[PDB]
2 protein chains.
Amino acid sequence: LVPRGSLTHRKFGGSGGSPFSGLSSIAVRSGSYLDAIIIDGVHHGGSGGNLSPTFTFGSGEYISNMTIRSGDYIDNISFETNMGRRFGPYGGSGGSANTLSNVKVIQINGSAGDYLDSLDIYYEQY
Amino acid sequence: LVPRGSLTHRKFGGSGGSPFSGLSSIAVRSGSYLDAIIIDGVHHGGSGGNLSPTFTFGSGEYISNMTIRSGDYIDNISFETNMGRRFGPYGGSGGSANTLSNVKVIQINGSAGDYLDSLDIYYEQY
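Residues numbered from 1 in each chain as written, not as in the entry; some residues may be left out. Chains lettered and ligands numbered in written order. Heavy atoms only, no water. Residues with missing side-chain atoms left out of burial classes, pairs and counts.

This entry lists X-ray crystallography as its structure determination method and reports a resolution of 2.00 Å.

Here it is in structure tokens:
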């Protein structure tokens, strides 16, 4: 239901230096819903609820497992990394829980106004 | 040469708010090579060369066309958005030029030390 390899990637350059991701850090604001997600310090959403600590990924550390509870809004977020570190759960208990398992999260896009309306998570599936 | 839909995405939540990307802004430092790329204000690379202006994507604006010249390093970067805005060319003239055409760039990962060694660009191909 989309052409094969229409979501893809390509590497340019050589083998030197240390790995980094454009997805460098995450924090959220939350109550019973998600108010905001903050990606690399950039705010996405409202100023309600409570600010989490910032989770900063190490070089070669990435989200390997993620649980989102959602409906018309993001209700809860938690994740785990390949190096065993956990973030959350942050948020409340309403909505359907869905889990990404044994992945490498590449990107988090989404939409937000005063609250966190939706996330669109791009990931490799192992 | 990887399973089908092993690089994928999934949407959570509803239809409200304004779109955002985790890939929010880009600037580079450059001379004849790429010294650094700066993604959402996060520095990746060295402190040599000259700092470009920061390119900030509008809601629903994304890189649709990208030219990278590279070898063992990133030598040149330029891009265009779906809304017609251009960034670069920044860098020098050594290496092989490769173009991504009619895409939507999702993520820029890579590796860097004192210079920008490699980029790994994740994108939809239209």
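## Considering the packing of aromatic side chains
Residue and element names in this part refer to chain A. Inspection of every chain in the model, using the stated rule, returns 18 aromatic pairs over all chains. Look at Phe57 and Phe79: their rings are 5.8 Å apart centre to centre, the planes differ by 25 degrees, and that puts the pair in the stacked class. Here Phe57 is found in the loop between β7 (55-56) and β8 (63-70), whereas its partner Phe79 is found in strand β9 (residues 74-81), with 22 residues between them in sequence. Assigned by exposure class, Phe57 and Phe79 land together as buried. On the basis of an interplanar angle of 65 degrees and a centroid distance of 4.9 Å, the ring pair of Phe87 and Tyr90 is categorised as edge-to-face. In textbook terms, an aromatic cluster arises when at least three aromatic residues are bridged by ring pairs, as seen for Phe55, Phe57, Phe79, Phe87 and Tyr90. (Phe/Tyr/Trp six-rings, centres within 6.5 Å; stacked < 30°, edge-to-face > 60°. Helix = DSSP H or I, 4+ residues; strand = E, 2+ residues; numbered from the N terminus. Buried < 20%, exposed > 50% of the residue type's maximum accessible area, 1.4 Å probe, protein only.)

## Section: the relation of the copies chain A and chain B
Each of the two chain copies can be brought onto the other by rotation about an axis and movement along it. For the pair chain A and chain B, the relating rotation is 180 degrees, the translation along its axis is 0.0 Å, and the fit reaches an RMSD of 0.0 Å. Each copy turns onto its partner about a two-fold axis. With an isologous cut-off of 70% or more, the 100% of interface residues of chain A that recur at the interface of chain B puts this contact in the isologous class. (Least-squares fit on C-alpha atoms. Contact = heavy atoms within 4.5 Å.)

## Focus: the interface of chain A and chain B
On the chain B side, the residues contacting the 54 residues of chain A number 54 residues. When the two sides are added together, the surface that chain A and chain B hide from each other amounts to roughly 4500 Å², 54% of it contributed by carbon and sulfur. Inspection of the region where chain A meets chain B yields 0 salt bridges. Where chain A packs against chain B, one counts 32 residue pairs in polar contact. When residues of the side of chain A that touches chain B are traced back to their parent elements, those giving at least two are β1 (7-13), β2 (18-20), β4 (34-39), β5 (42-45), β8, β11 (96-101), β12 (103-112) and β13 (116-125) of chain A. Take the side of chain A that touches chain B: its biggest share by element is 10 residues, from β13(A). Within the side of chain A that touches chain B, the residues separate by chemical class into 22 nonpolar, 23 polar and 9 charged. Note that β13(A) and strand β1 (residues 7-13) of chain B share 7 bridges and pair antiparallel. Residue pairing in the sheet places A:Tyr122 in a bridge with B:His9 of β1(B). (Buried area = accessible area lost by both parts, 1.4 Å probe. Salt bridge = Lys/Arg side-chain N within 4 Å of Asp/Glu carboxyl O. Polar contact = N/O pair within 3.5 Å; in protein donor to acceptor, adjacent residues only side chain to side chain. Nonpolar A, V, L, I, M, F, W, Y, C, P; charged D, E, K, R; others polar. Pairing = 2+ DSSP bridges.)

## What to know about the sheet that holds strand β8 (residues 63-70) of chain B
Pairing between the strands of a sheet is mediated by backbone hydrogen bonds and can be parallel or antiparallel. All names here are of chain B. Pairing is antiparallel in the open sheet, where 4 strands are placed in the order β10-β9-β8-β11. Here the strands that pair on one side only, and so sit at the sheet edges, are β10 (86-91) and β11 (96-101). Neighbour-to-neighbour, the strand axes of this sheet turn through a mean angle of 10 degrees, independent of strand direction. As defined by bridge partners, β8 adjoins strand β9 (residues 74-81) across 7 bridges and the pair is classed as antiparallel. By the bridge assignment for β9, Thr67 is matched with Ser78. (Axes fitted to C-alpha atoms, helices over the stretch in contact; angles between N-to-C directions.)

## Quick notes on the pairing of strand β12 (residues 103-112) of chain B
A large share of β12(B) lies buried, amounting to 9 of its 10 residues. Here β2(A) pairs with β12(B) via 3 bridges, running antiparallel. Looking across to β12(B), one finds that A:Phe20 is bridged to B:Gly110. Taken together, the 9 bridges between β12(B) and strand β13 (residues 116-125) of chain B define a ladder with antiparallel strand orientation. Bridge pairing in β13(B) places B:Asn109 opposite B:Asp120. The hairpin turn running from β12(B) into β13(B), its antiparallel successor, is 3 residues long.

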